[PDB]
Amino acid sequence: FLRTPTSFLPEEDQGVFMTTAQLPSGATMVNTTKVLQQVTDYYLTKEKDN
Amino acid sequence: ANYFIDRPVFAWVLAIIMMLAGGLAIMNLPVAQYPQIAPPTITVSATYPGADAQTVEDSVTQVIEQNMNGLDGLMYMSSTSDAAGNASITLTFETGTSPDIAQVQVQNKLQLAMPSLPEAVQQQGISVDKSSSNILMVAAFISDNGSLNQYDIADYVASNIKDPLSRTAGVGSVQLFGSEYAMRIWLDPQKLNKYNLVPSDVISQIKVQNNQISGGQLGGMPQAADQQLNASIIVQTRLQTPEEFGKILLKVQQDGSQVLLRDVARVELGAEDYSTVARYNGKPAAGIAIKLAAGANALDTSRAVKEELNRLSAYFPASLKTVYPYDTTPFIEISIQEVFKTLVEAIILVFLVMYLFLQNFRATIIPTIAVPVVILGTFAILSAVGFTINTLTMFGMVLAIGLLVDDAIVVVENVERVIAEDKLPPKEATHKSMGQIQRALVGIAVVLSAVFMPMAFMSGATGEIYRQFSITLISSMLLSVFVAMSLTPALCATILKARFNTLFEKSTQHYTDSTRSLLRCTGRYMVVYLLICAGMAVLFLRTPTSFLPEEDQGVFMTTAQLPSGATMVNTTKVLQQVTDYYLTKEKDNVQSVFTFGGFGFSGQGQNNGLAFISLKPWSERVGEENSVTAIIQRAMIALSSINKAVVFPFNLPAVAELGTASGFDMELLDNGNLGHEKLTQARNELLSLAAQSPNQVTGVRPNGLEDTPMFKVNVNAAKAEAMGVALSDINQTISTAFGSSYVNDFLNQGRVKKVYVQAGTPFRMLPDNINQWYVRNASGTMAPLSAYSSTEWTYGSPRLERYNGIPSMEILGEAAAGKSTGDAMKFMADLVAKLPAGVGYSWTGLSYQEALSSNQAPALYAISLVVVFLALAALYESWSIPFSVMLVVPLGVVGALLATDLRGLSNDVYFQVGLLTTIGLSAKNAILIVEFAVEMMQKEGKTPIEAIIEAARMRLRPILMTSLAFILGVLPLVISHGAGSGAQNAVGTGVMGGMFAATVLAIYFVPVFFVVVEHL
Amino acid sequence: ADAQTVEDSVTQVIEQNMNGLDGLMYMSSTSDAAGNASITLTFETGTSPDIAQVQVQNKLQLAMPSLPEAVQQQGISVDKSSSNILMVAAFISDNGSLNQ
Amino acid sequence: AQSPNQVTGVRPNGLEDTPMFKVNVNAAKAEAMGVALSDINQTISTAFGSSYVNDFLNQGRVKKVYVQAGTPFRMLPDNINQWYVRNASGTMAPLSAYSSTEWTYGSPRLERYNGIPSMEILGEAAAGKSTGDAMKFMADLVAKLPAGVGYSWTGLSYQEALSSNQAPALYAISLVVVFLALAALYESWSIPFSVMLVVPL
Ligand SMILES: CCCCCCCCCCCCCCCCCCCC(=O)O[C@H](COC(=O)CCCCCCCCCCCCCC)COP(=O)(O)OCCN
Ligand SMILES: CCNc1cc2oc3c/c(=[NH+]\CC)c(C)cc-3c(-c3ccccc3C(=O)OCC)c2cc1C
């Protein structure tokens, strides 16, 4: 009992997850839009089966 | 029931469950000095800087009052307008109204009516607050020698202490006594005239230059393509230091020189409100009152608050010391200590009584462990029901202790007697004894529940106190009955085994032979009963009625009132005299004096002053010559040589809700359409019409201020407009010069403070100063204000009052030596009817309750008597037998009344609850005797006389044991003369004088009453 | 307004007044460079959200006068709803006639 | 970051410091030449920020009206040189005359927790380790930080800590309750003692 690890509630597969893109300070929306487009392209191309 | 005898382990498990539940409840149960007794009230406060009383009443108070409708449960509302620019509306709601709901309703109404108020009032902000006055501590902060003035300490507290507090567990609110910092700009009329300037120009330049400008963003959206830069733009920020305010540019002259604010004014970090001088033992000070939370532990909260203040004391700048006037934690500790000591003493006395009468250690063992189980279970029941721990609940527990002692004693005594005779083993003897007294126990439980019920179902402030008492008593009695039917029989079946003696035997023989051969002439004793009942009338006619005895709280209050129009110099001198007296001729008793000059109880003004005097702990002041009452009695004589003042000391009420139970409060409404002068003429007809008959009313005085001279400036609009000077400019100049002008906010060390503009002191002191101010024409030429204005002296009220939207006067007075409150109220009514037609009266504060819940206690007690008779009839299976039991209660009440009159006490809530406890216990004894007689009549075929004689002879011993234990258990309450001795004396007197007479009369009167009722 | 300007004028001013609440567990607070103040008070489990909102809006009026006139005009939203998105519904154009 | 076997993906939930543009307006020179400081501030605020003016009707709905400079005129620090302020006599003067510009630094987001400055840090536990081990490791790491900084658990971590703290008291209370129930049900103190010896099994 002393050596077993503790937790609160197990993780689940809820069918949805999130991605955060944080650009260097002072960046404009052009670069943020390009980065988010890269994220969208990766998710829709390399993971189109899921 | 009876089957718990065969299962001792079940009874032990139930007892352990009760003990665990009681411990868990004690671990987490709110504690406080008193519960919520006062009805919920909501206070609405508005500030109009520089406004008069009439101006405030016209602009703010009436507008707020006209929108205070549609509030659920509102009882009444009273409004006050001061000459300092303060409007205060207090709305008192019905008991049981949720304070948060009422506060949000009042806030919504006021906040809808907000646009109708003047912009000066709106800028300050109108504050709506819940008022409970449940102060836990009042911590004051003082400067050692001279390092910090009052405003420095007040600002440091408000900015570095109030926020660390109010987040401590248990703290619900913190209120500050003092004013924080502000940027004071003192104008100079000569310098303003030199540069052709007016206060309006200064205010406008401060608004423009002490401003926050939102620059925007370089880049920002929408943005061009290939945009790679995005930053915030900073244009201007609010000023922070007095030097920055002094460098504000007002104008640039044709020469080219710059005119700055410092060139026309003095900029200084001053105070927002200068109208209060707070001193602690002659040193500048600032205080905070912590008002606790709901469901919080007063002891733990106090410990945490002291720990946090000690931790913050390392961050104090220099010579800043914390002192703690008015700490209520010691009283709550004392109450619990007294309860625990009483329980232990009762247990020891029970042990002595049983091993003086029964002479068996195993017999004495049972109650010693039975009583604490019921005590802990009562704590658990109190927690489950949703009650807290205060003085009233603990007092109810103290009485409950004797209530449980009775049940334990009778159960063990009956088991022991059935063991002693009939040669029965303990188990079957316990079975027989429990079979003899089960129905009696149930009937006693029902009778006591019906007796204690009426106190629960009361209305007003008294209802809550009586509810605490009755709930504690009922829970304790029901749990004691359950324990006596479940755990005590099992202990008797298990633990028990198969000079004074001769004296007690002879006493029993004498008593039983007298009772048997005392039926020769009973009617004489019957008329003796009549005489006794006559006593319970005559005594009841001579009881001085009170509500709650005043206790040695260790603090009291002295009010100093200068005559009229007196500046704060005279008030400060008078309060210095008061504190010097209290610290130089009462240094052995008096520890500290906290003086507030400029603030009183009849309104804020420069001729009012208050003083809070704190006393040394009871362990250091011993004797009657060092008591609170004697101290204030000597202070009354000493603080009367102070001329040009009405210095008057008195004591804090036991509960801040109410005091002066003989006194009364009334609002003399003007009604009709008569003005203030006619109303004050009617009030002057009063205070003389009532003074003409001292035999009923004594201290009829008004709770308000009287008319004072005022300065009137009449501005000639025609001349000003013809010369080219706008009337608005003149009005703004006068208002800003003599009253303050709040401009905007600035940042002091990251905190938002106000900025004020006003004239310097030597320019706003005398009427001639009005001649020093200039106003500018449309062409730019300055001309004196004396050219268009004339000055005059008028008279006007410095404080105006309204009641339910109608002007009032608030006449408060007192009753005679003995005349009752109802007669005083019914005299003041129809004394008002002699006033000029138009006026009327209303009762507020306490009298309102006494005019709304009057014919309730007799109805409740009649219902209780009917229920008790019905329960007795159901138990005895007869309609005449219960009379012999119901005709014994007056014997219980008479002795307590006699003892209370002999000691010289009053009729307090403690006396009433002790009277009820004694009545219930005597009724229990009579019930047991009559039940035994009824059993020996139903079986064994015996006449009523012999049955009642044998029942009395059998039950003499348990009655003696219970009476001795109860009388000796409350004896230390009589002899206690230290801290908190008022309630202790009341309960000791009532119980000791009631129980002895009750048992003495009952043991002899039950047989004759039974025989007489059976005959008829 | 900038982040510091908001944090001083609005955020701290509002935050000083949220003390006397019944079952408060903890309070977070945020000031943004877009001109946003986002005070967030988490109360104990079992507390009535209606009573908590009533108390919060009661104590917000004690700091409302100290707020600027550009923040008092926009209004102060006191929401008792959850802080986590339950469902997101998006709307698009089939051929592309409508812009964003 | 140098302990990937215990915590992975530790990141701050905030924004880093950014450069800021500061415009210093010469009130003395502005008043000497005639223009008002209030007009200068209003012009800058409207041009580079915005100015909500009024409400209007669009397709039967009330919407807002905004006034702002065009996109080309609020992009670069040099754009301030293109704006003019009217003198009290009607003559327009450039805004760059009575003004200077500089670059400073500032935080774009300020966070406070329980009334004091704070920074929110999110993280995850490494493979094999659980959330409790990650929380313990992060507490140990915070214990090695410069004096004056502390840490708190909020959100899911608060509930996790509360549960892990309060479990054993619940175990003991349940054991006592079941012992007492057995003793009451079977009138003997030997059956509960013989039965409670099997709980460890
Ligand atoms: C076998 C053993 C028994 C012997 C035989 C049976 C004899 C039983 C006789 C019946 C006695 C019943 C007495 C309890 C109910 C009446 C007392 C409270 C009534 C009352 O005034 O109502 C409210 C107060 O009650 C409250 O504050 C709510 C709770 C108060 C209930 C009193 C506590 C009972 C404790 C007994 C349980 C344990 C006994 C068995 C183990 C007031 O109205 P409000 O609430 O609006 O006032 C405003 C505050 N909110
Ligand atoms: C150190 C002595 N102990 C006390 C000192 C006090 O000083 C006070 C000074 C004040 N002005 C300073 C600018 C104001 C406005 C209220 C004060 C109260 C007070 C607060 C709430 C409700 C009623 C009162 C109250 O005055 O009644 C007396 C119990 C007060 C109360 C106590 C116990």
# chains A, B, ... in the order shown; residues from 1 in each chain; ligands from 1
call {"tool": "closest_atom_pairs", "arguments": {"of": "chain B", "to": "ligand 2", "cutoff": "6 Å", "atoms": "only C-alpha atoms and all ligand atoms", "output": "JSON lines"}}
result
{"residue": "B:133", "atom": "CA", "partner": "ligand 2", "partner_atom_place_in_ligand_line": "22 (C)", "distance": 4.8}
{"residue": "B:138", "atom": "CA", "partner": "ligand 2", "partner_atom_place_in_ligand_line": "1 (C)", "distance": 5.4}
{"residue": "B:177", "atom": "CA", "partner": "ligand 2", "partner_atom_place_in_ligand_line": "12 (C)", "distance": 4.3}
{"residue": "B:178", "atom": "CA", "partner": "ligand 2", "partner_atom_place_in_ligand_line": "13 (C)", "distance": 5.3}
{"residue": "B:276", "atom": "CA", "partner": "ligand 2", "partner_atom_place_in_ligand_line": "13 (C)", "distance": 6.0}
{"residue": "B:325", "atom": "CA", "partner": "ligand 2", "partner_atom_place_in_ligand_line": "1 (C)", "distance": 4.7}
{"residue": "B:326", "atom": "CA", "partner": "ligand 2", "partner_atom_place_in_ligand_line": "3 (N)", "distance": 5.2}
{"residue": "B:612", "atom": "CA", "partner": "ligand 2", "partner_atom_place_in_ligand_line": "2 (C)", "distance": 4.9}
call {"tool": "residues_near_ligand", "arguments": {"ligand": "ligand 1", "cutoff": "10 Å", "atoms": "only C-alpha atoms and all ligand atoms", "output": "NGL selection string"}}
result
:B and (1 or 18 or 95-96 or 374 or 377-378 or 380-382 or 384-387 or 438-439 or 441-450 or 452-459 or 463-464 or 466-468 or 470-486)
call {"tool": "write_last_selection", "arguments": {"atoms": "C-alpha atoms", "output": "PDB file, in the first residue's frame"}}
result
ATOM      1  CA  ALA B   1     -37.517  -1.023  25.156  1.00  0.00           C
ATOM      2  CA  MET B  18     -23.706   8.413  20.683  1.00  0.00           C
ATOM      3  CA  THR B  95     -37.248  37.864  11.369  1.00  0.00           C
ATOM      4  CA  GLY B  96     -36.450  34.934   9.094  1.00  0.00           C
ATOM      5  CA  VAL B 374     -26.603  11.710  26.965  1.00  0.00           C
ATOM      6  CA  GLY B 377     -25.642  12.624  22.167  1.00  0.00           C
ATOM      7  CA  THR B 378     -27.327  15.967  22.811  1.00  0.00           C
ATOM      8  CA  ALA B 380     -24.767  15.349  18.199  1.00  0.00           C
ATOM      9  CA  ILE B 381     -28.502  16.106  18.011  1.00  0.00           C
ATOM     10  CA  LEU B 382     -27.801  19.846  18.169  1.00  0.00           C
ATOM     11  CA  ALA B 384     -27.782  17.403  13.247  1.00  0.00           C
ATOM     12  CA  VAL B 385     -30.704  19.790  13.809  1.00  0.00           C
ATOM     13  CA  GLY B 386     -28.519  22.672  12.622  1.00  0.00           C
ATOM     14  CA  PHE B 387     -27.759  24.689  15.750  1.00  0.00           C
ATOM     15  CA  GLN B 438     -41.906   2.319  31.254  1.00  0.00           C
ATOM     16  CA  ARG B 439     -45.280   3.999  30.715  1.00  0.00           C
ATOM     17  CA  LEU B 441     -41.215   7.411  31.510  1.00  0.00           C
ATOM     18  CA  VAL B 442     -43.031   7.808  28.183  1.00  0.00           C
ATOM     19  CA  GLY B 443     -45.695  10.012  29.760  1.00  0.00           C
ATOM     20  CA  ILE B 444     -43.030  12.120  31.468  1.00  0.00           C
ATOM     21  CA  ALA B 445     -41.260  12.573  28.131  1.00  0.00           C
ATOM     22  CA  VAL B 446     -44.506  13.719  26.505  1.00  0.00           C
ATOM     23  CA  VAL B 447     -45.384  16.044  29.398  1.00  0.00           C
ATOM     24  CA  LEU B 448     -41.950  17.682  29.400  1.00  0.00           C
ATOM     25  CA  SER B 449     -42.046  18.066  25.613  1.00  0.00           C
ATOM     26  CA  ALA B 450     -45.408  19.828  25.900  1.00  0.00           C
ATOM     27  CA  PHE B 452     -40.962  23.107  26.807  1.00  0.00           C
ATOM     28  CA  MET B 453     -42.730  23.508  23.443  1.00  0.00           C
ATOM     29  CA  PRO B 454     -44.236  27.023  23.966  1.00  0.00           C
ATOM     30  CA  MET B 455     -40.820  28.705  24.193  1.00  0.00           C
ATOM     31  CA  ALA B 456     -39.940  27.386  20.727  1.00  0.00           C
ATOM     32  CA  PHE B 457     -43.041  28.882  19.072  1.00  0.00           C
ATOM     33  CA  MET B 458     -42.509  32.562  19.841  1.00  0.00           C
ATOM     34  CA  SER B 459     -42.129  35.600  17.595  1.00  0.00           C
ATOM     35  CA  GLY B 463     -38.451  33.933  20.160  1.00  0.00           C
ATOM     36  CA  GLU B 464     -34.915  33.065  19.092  1.00  0.00           C
ATOM     37  CA  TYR B 466     -36.438  30.891  23.863  1.00  0.00           C
ATOM     38  CA  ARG B 467     -36.036  28.655  20.801  1.00  0.00           C
ATOM     39  CA  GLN B 468     -32.404  27.939  21.676  1.00  0.00           C
ATOM     40  CA  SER B 470     -36.361  24.967  24.366  1.00  0.00           C
ATOM     41  CA  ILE B 471     -34.600  23.060  21.578  1.00  0.00           C
ATOM     42  CA  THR B 472     -31.673  22.180  23.837  1.00  0.00           C
ATOM     43  CA  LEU B 473     -33.964  21.122  26.688  1.00  0.00           C
ATOM     44  CA  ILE B 474     -36.280  19.047  24.477  1.00  0.00           C
ATOM     45  CA  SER B 475     -33.426  17.243  22.724  1.00  0.00           C
ATOM     46  CA  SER B 476     -31.747  16.486  26.051  1.00  0.00           C
ATOM     47  CA  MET B 477     -34.948  15.236  27.688  1.00  0.00           C
ATOM     48  CA  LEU B 478     -35.904  12.975  24.778  1.00  0.00           C
ATOM     49  CA  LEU B 479     -32.406  11.505  24.579  1.00  0.00           C
ATOM     50  CA  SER B 480     -32.347  10.997  28.357  1.00  0.00           C
ATOM     51  CA  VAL B 481     -35.635   9.095  28.151  1.00  0.00           C
ATOM     52  CA  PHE B 482     -34.255   6.924  25.350  1.00  0.00           C
ATOM     53  CA  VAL B 483     -31.042   6.238  27.280  1.00  0.00           C
ATOM     54  CA  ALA B 484     -32.942   5.433  30.484  1.00  0.00           C
ATOM     55  CA  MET B 485     -35.061   2.956  28.521  1.00  0.00           C
ATOM     56  CA  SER B 486     -32.193   1.378  26.534  1.00  0.00           C
TER      57      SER B 486
END
call {"tool": "select_by_dssp", "arguments": {"residues": "stretch 27-150 of chain D", "states": "strand (DSSP E)", "output": "short mmCIF file (atom, residue, chain, number, x, y, z; two decimals) with C-alpha atoms, in the first residue's frame"}}
result
data_model
loop_
_atom_site.label_atom_id
_atom_site.label_comp_id
_atom_site.auth_asym_id
_atom_site.auth_seq_id
_atom_site.Cartn_x
_atom_site.Cartn_y
_atom_site.Cartn_z
CA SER D 51 -13.74 55.02 -30.84
CA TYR D 52 -17.16 53.46 -30.35
CA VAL D 53 -19.44 56.30 -31.40
CA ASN D 54 -23.07 55.28 -31.73
CA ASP D 55 -25.52 52.53 -32.63
CA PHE D 56 -27.22 52.08 -36.00
CA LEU D 57 -29.74 49.73 -37.62
CA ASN D 58 -28.76 46.88 -39.93
CA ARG D 61 -30.86 44.83 -35.60
CA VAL D 62 -29.00 47.43 -33.54
CA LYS D 63 -25.24 47.30 -34.13
CA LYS D 64 -22.30 49.50 -33.18
CA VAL D 65 -20.40 52.20 -35.08
CA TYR D 66 -16.61 52.41 -34.79
CA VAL D 67 -14.13 55.06 -35.93
CA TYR D 84 -2.04 66.44 -37.43
CA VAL D 85 -3.72 68.31 -34.58
CA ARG D 86 -5.63 71.57 -34.99
CA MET D 92 -3.08 72.28 -38.31
CA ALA D 93 0.29 71.25 -36.87
CA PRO D 94 2.03 67.87 -37.17
CA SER D 99 6.09 64.41 -29.28
CA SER D 100 8.85 61.85 -28.88
CA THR D 101 8.81 58.06 -29.20
CA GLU D 102 10.64 55.22 -27.48
CA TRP D 103 10.57 51.46 -26.94
CA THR D 104 10.05 49.77 -23.57
CA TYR D 105 9.10 46.29 -22.34
CA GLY D 106 5.92 45.02 -20.74
CA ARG D 109 -0.94 39.24 -19.54
CA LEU D 110 -0.90 39.48 -15.75
CA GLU D 111 -2.23 36.67 -13.55
CA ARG D 112 -3.11 36.63 -9.85
CA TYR D 113 -4.10 33.72 -7.62
CA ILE D 116 -1.16 37.67 -5.11
CA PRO D 117 0.85 37.52 -8.37
CA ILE D 121 2.15 25.93 -15.03
CA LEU D 122 0.64 22.91 -16.77
CA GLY D 123 2.24 19.51 -17.01
CA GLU D 124 1.93 15.77 -17.47
CA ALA D 125 3.42 12.69 -15.83
#
call {"tool": "residues_around", "arguments": {"residues": "stretch 19-22 of chain A", "least_positions_apart": "2", "cutoff": "8 Å", "atoms": "only C-alpha atoms", "output": "MDAnalysis selection string"}}
result
chainID A and resid 17 24 32 35:36
call {"tool": "residues_around", "arguments": {"residues": "residue C:38", "least_positions_apart": "4", "cutoff": "8 Å", "atoms": "only C-alpha atoms", "output": "PyMOL selection string"}}
result
chain C and resi 11+29-31
call {"tool": "write_last_selection", "arguments": {"atoms": "C-alpha atoms", "output": "PDB file, in the first residue's frame"}}
result
ATOM      1  CA  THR C  11      -8.647  43.940 -12.006  1.00  0.00           C
ATOM      2  CA  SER C  29      -7.650  36.643 -11.903  1.00  0.00           C
ATOM      3  CA  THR C  30      -6.310  37.736 -15.282  1.00  0.00           C
ATOM      4  CA  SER C  31      -5.638  41.035 -17.061  1.00  0.00           C
TER       5      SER C  31
END
call {"tool": "closest_atom_pairs", "arguments": {"of": "chain C", "to": "chain D", "cutoff": "9 Å", "atoms": "only C-alpha atoms", "output": "tab-separated table"}}
result
residue	atom	partner	partner_atom	distance
C:1	CA	D:49	CA	8.8
C:2	CA	D:108	CA	7.1
C:3	CA	D:108	CA	5.3
C:4	CA	D:110	CA	7.3
C:7	CA	D:110	CA	6.9
C:12	CA	D:115	CA	8.3
C:15	CA	D:115	CA	7.1
C:16	CA	D:115	CA	8.0
C:26	CA	D:114	CA	5.9
C:27	CA	D:114	CA	4.9
C:28	CA	D:113	CA	4.5
C:29	CA	D:112	CA	5.0
C:30	CA	D:111	CA	4.6
C:31	CA	D:110	CA	5.2
C:32	CA	D:109	CA	4.6
C:33	CA	D:108	CA	4.7
C:34	CA	D:108	CA	8.3
call {"tool": "select_by_dssp", "arguments": {"residues": "chain A", "states": "helix (DSSP H, G or I)", "output": "MDAnalysis selection string"}}
result
chainID A and resid 29:45
call {"tool": "residues_around", "arguments": {"residues": "stretch 171-187 of chain D", "least_positions_apart": "2", "cutoff": "9 Å", "atoms": "only C-alpha atoms", "output": "list in words"}}
result
residues 7, 8, 9, 10, 11, 12, 13, 14, 16 and 17 of chain B; 167, 168, 169, 189, 190, 191, 192, 193, 195, 196 and 199 of chain D
call {"tool": "write_last_selection", "arguments": {"atoms": "N, CA and C atoms", "output": "short mmCIF file (atom, residue, chain, number, x, y, z; two decimals), in the first residue's frame"}}
result
data_model
loop_
_atom_site.label_atom_id
_atom_site.label_comp_id
_atom_site.auth_asym_id
_atom_site.auth_seq_id
_atom_site.Cartn_x
_atom_site.Cartn_y
_atom_site.Cartn_z
N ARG B 7 -29.79 -7.77 25.88
CA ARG B 7 -28.73 -7.50 24.90
C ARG B 7 -27.87 -6.35 25.39
N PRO B 8 -27.01 -6.59 26.38
CA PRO B 8 -26.13 -5.50 26.86
C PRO B 8 -25.20 -4.96 25.79
N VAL B 9 -24.75 -5.81 24.86
CA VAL B 9 -23.82 -5.37 23.84
C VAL B 9 -24.48 -4.37 22.90
N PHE B 10 -25.77 -4.57 22.60
CA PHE B 10 -26.49 -3.61 21.76
C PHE B 10 -26.55 -2.24 22.44
N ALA B 11 -26.87 -2.21 23.73
CA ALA B 11 -26.92 -0.94 24.45
C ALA B 11 -25.55 -0.28 24.49
N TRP B 12 -24.50 -1.06 24.71
CA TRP B 12 -23.15 -0.50 24.72
C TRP B 12 -22.77 0.05 23.36
N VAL B 13 -23.16 -0.64 22.28
CA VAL B 13 -22.88 -0.16 20.94
C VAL B 13 -23.61 1.15 20.67
N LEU B 14 -24.87 1.24 21.10
CA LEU B 14 -25.61 2.49 20.93
C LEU B 14 -24.97 3.63 21.72
N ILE B 16 -21.77 3.88 22.53
CA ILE B 16 -20.53 4.22 21.85
C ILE B 16 -20.82 5.04 20.59
N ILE B 17 -21.90 4.71 19.89
CA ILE B 17 -22.29 5.48 18.71
C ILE B 17 -22.64 6.91 19.11
N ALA D 167 -8.54 9.64 2.16
CA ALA D 167 -8.90 8.22 2.07
C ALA D 167 -8.67 7.42 3.35
N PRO D 168 -7.50 7.45 4.00
CA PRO D 168 -7.28 6.55 5.15
C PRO D 168 -8.22 6.78 6.32
N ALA D 169 -8.63 8.03 6.57
CA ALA D 169 -9.61 8.28 7.62
C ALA D 169 -10.93 7.59 7.30
N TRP D 189 -18.48 -9.78 21.85
CA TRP D 189 -17.30 -9.03 21.44
C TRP D 189 -16.23 -9.91 20.82
N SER D 190 -16.50 -11.20 20.65
CA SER D 190 -15.52 -12.11 20.06
C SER D 190 -15.73 -12.29 18.57
N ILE D 191 -16.99 -12.29 18.11
CA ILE D 191 -17.26 -12.39 16.68
C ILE D 191 -16.66 -11.23 15.90
N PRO D 192 -16.85 -9.96 16.30
CA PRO D 192 -16.19 -8.88 15.55
C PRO D 192 -14.68 -8.98 15.56
N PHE D 193 -14.08 -9.39 16.67
CA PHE D 193 -12.62 -9.49 16.73
C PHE D 193 -12.12 -10.61 15.83
N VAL D 195 -13.67 -11.62 13.11
CA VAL D 195 -13.99 -11.30 11.72
C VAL D 195 -13.08 -10.21 11.17
N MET D 196 -12.78 -9.17 11.97
CA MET D 196 -11.96 -8.07 11.48
C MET D 196 -10.52 -8.47 11.22
N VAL D 199 -9.77 -8.70 7.24
CA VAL D 199 -9.70 -7.55 6.34
C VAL D 199 -8.35 -7.43 5.65
#
call {"tool": "atom_distance", "arguments": {"atom1": "atom CA of residue B:1008", "atom2": "atom CA of residue B:522"}}
result
6.7 Å
call {"tool": "closest_residue", "arguments": {"among": "A:31, A:38, A:45, A:50", "to": "chain B", "atoms": "only C-alpha atoms"}}
result
A:31
call {"tool": "interface_residues", "arguments": {"of": "chain B", "to": "chain C", "cutoff": "10 Å", "atoms": "only C-alpha atoms", "output": "ChimeraX atom specification"}}
result
/B:100-101,103-105,107-108,111,122-129,159,162-163,165-168,170-174,212-217,231-234,237-238,292-295,744-747,750-754
call {"tool": "write_last_selection", "arguments": {"atoms": "C-alpha atoms", "output": "compact mmCIF listing (two decimals), in the first residue's frame"}}
result
# COMPACT_ATOMS: atom_id res chain seq x y z
CA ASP B 100 -28.57 38.22 1.16
CA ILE B 101 -31.93 38.28 -0.65
CA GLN B 103 -29.61 43.10 0.41
CA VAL B 104 -29.77 42.23 -3.29
CA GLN B 105 -33.35 43.54 -3.51
CA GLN B 107 -29.34 47.13 -4.01
CA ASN B 108 -31.40 46.56 -7.16
CA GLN B 111 -29.28 50.93 -8.36
CA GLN B 122 -22.98 59.08 -7.77
CA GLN B 123 -19.22 59.66 -7.98
CA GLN B 124 -18.71 58.68 -4.34
CA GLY B 125 -20.87 55.57 -4.72
CA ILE B 126 -23.80 54.51 -2.55
CA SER B 127 -23.01 51.48 -0.39
CA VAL B 128 -25.56 48.85 0.66
CA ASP B 129 -24.49 46.70 3.61
CA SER B 159 -3.63 48.76 2.21
CA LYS B 162 -7.47 44.32 5.47
CA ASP B 163 -6.56 42.10 2.51
CA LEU B 165 -7.50 39.48 6.76
CA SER B 166 -11.01 38.92 5.32
CA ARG B 167 -9.43 35.81 3.75
CA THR B 168 -8.55 34.10 7.03
CA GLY B 170 -13.85 32.27 9.66
CA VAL B 171 -13.53 35.99 8.90
CA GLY B 172 -16.65 37.31 7.19
CA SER B 173 -16.17 41.08 7.23
CA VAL B 174 -13.61 43.67 8.32
CA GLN B 212 -5.37 57.32 -18.55
CA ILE B 213 -5.18 57.25 -22.35
CA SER B 214 -5.67 54.01 -24.30
CA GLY B 215 -3.05 54.27 -27.03
CA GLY B 216 -4.06 51.21 -29.02
CA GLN B 217 -1.76 48.88 -30.96
CA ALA B 231 2.99 46.17 -30.00
CA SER B 232 0.93 48.16 -27.52
CA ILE B 233 1.01 51.96 -27.52
CA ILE B 234 1.40 53.89 -24.25
CA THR B 237 -0.74 57.20 -17.29
CA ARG B 238 -2.33 58.39 -14.07
CA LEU B 292 -16.85 36.75 11.81
CA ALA B 293 -18.72 34.48 9.38
CA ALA B 294 -21.71 32.13 9.50
CA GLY B 295 -20.87 28.62 10.64
CA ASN B 744 -10.82 61.79 -10.12
CA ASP B 745 -8.66 58.87 -8.97
CA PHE B 746 -4.90 58.32 -8.92
CA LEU B 747 -2.54 55.46 -8.03
CA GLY B 750 -0.74 50.49 -6.98
CA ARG B 751 -3.92 51.30 -5.02
CA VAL B 752 -6.68 53.59 -6.27
CA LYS B 753 -7.12 56.73 -4.15
CA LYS B 754 -9.17 59.89 -4.58
call {"tool": "interface_residues", "arguments": {"of": "chain A", "to": "chain B", "cutoff": "12 Å", "atoms": "only C-alpha atoms", "output": "tab-separated table (two decimals) with C-alpha atoms, in the first residue's frame"}}
result
chain	number	residue	atom	x	y	z
A	24	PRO	CA	7.09	33.82	-30.05
A	25	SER	CA	6.06	37.04	-28.34
A	26	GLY	CA	5.32	39.92	-30.69
A	27	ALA	CA	4.26	37.73	-33.62
A	28	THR	CA	1.35	38.79	-35.81
A	29	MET	CA	-1.72	36.92	-37.00
A	30	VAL	CA	-0.10	36.12	-40.36
A	31	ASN	CA	2.44	33.78	-38.76
A	32	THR	CA	-0.16	32.35	-36.37
A	33	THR	CA	-2.49	31.63	-39.30
A	34	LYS	CA	0.33	29.90	-41.18
